[PDB]
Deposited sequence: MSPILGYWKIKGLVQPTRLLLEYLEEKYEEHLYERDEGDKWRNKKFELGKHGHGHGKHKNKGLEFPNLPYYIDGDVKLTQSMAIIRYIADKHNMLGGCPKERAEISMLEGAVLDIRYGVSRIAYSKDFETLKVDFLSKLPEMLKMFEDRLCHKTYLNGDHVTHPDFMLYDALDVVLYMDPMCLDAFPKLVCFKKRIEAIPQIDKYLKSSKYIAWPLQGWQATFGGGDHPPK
């Protein structure tokens, strides 16, 4: 049975957890707690260990899961489209993490929220003509986008008010039966968003 190790936070691994649940894959987690500051080629968290594949790097892990289930794309062109959406989502998600620990969070937050709409608009447009980011079926960047939306909603609860197709998208991901079940389950990690020491999305509760 595959093992996924990470902090007991959403953080970098939450989209991977959503994907695993979507696929109904069986896995156990090694969940590291706040005080728990006390082979694998590139030691880090997260790590993914299955049947003697030992992986670090969050993107390598999610892509591996996707790949194993033939979700990365059929041809070089389709694969690049997936990697493009992937990078575009990460600009949002890292955009948050990059300031979340800063003394100046509240100030930096202004500049991030200022640029967020232009970032969201590309996904908005992508979704005017498509059910999920890559058309009719779910791909891993759908879960990365879900996680990003969930996060920026804590930062600014109105950030999606100008974006109805993103709102419906996020409800749609939540309506997927495997995902609905996971979100209501005891395995779901609601909080924190970032490491507990974060100025934003840190702490033991919202």
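No C-alpha positions are given in the record for the deposited-sequence stretches 1, 40 to 61, 230 to 231.
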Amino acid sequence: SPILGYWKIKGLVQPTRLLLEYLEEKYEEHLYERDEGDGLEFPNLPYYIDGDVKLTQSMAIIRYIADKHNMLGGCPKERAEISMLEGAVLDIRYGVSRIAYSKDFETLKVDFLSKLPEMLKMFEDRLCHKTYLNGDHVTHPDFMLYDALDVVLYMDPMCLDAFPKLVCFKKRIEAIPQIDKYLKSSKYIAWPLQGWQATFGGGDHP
From here on, numbers count along this sequence of modelled residues.
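For clarity, a rigid core is taken as the largest C-alpha set superposing within 1.5 Å between two forms.
Taking 27 to 35 and 50 to 58 in turn, the stretch whose Cα atoms are more displaced from the shown form in 9 other deposited structures of this protein following rigid core superposition is 50 to 58. Look at the C-alpha B-factors of 49 to 57 and of 135 to 143. On average they run higher in 49 to 57.
Looking at mean Cα B-factors across 40 to 48 and 174 to 182, the upper value is held by 40 to 48.
Sort the chain's modelled residues by C-alpha temperature factor and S83 lands in the lowest third, per the entry. Sorting the modelled residues of the chain by their CA temperature factor places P76 in the highest third.
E29: CA B factor in the middle third of modelled residues in this chain (values from the PDB entry). Among all modelled residues in this chain, the alpha-carbon of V96 has a temperature factor (C-alpha) in the lowest third. When all modelled residues of the chain are sorted by CA temperature factor, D35 is found within the highest third.
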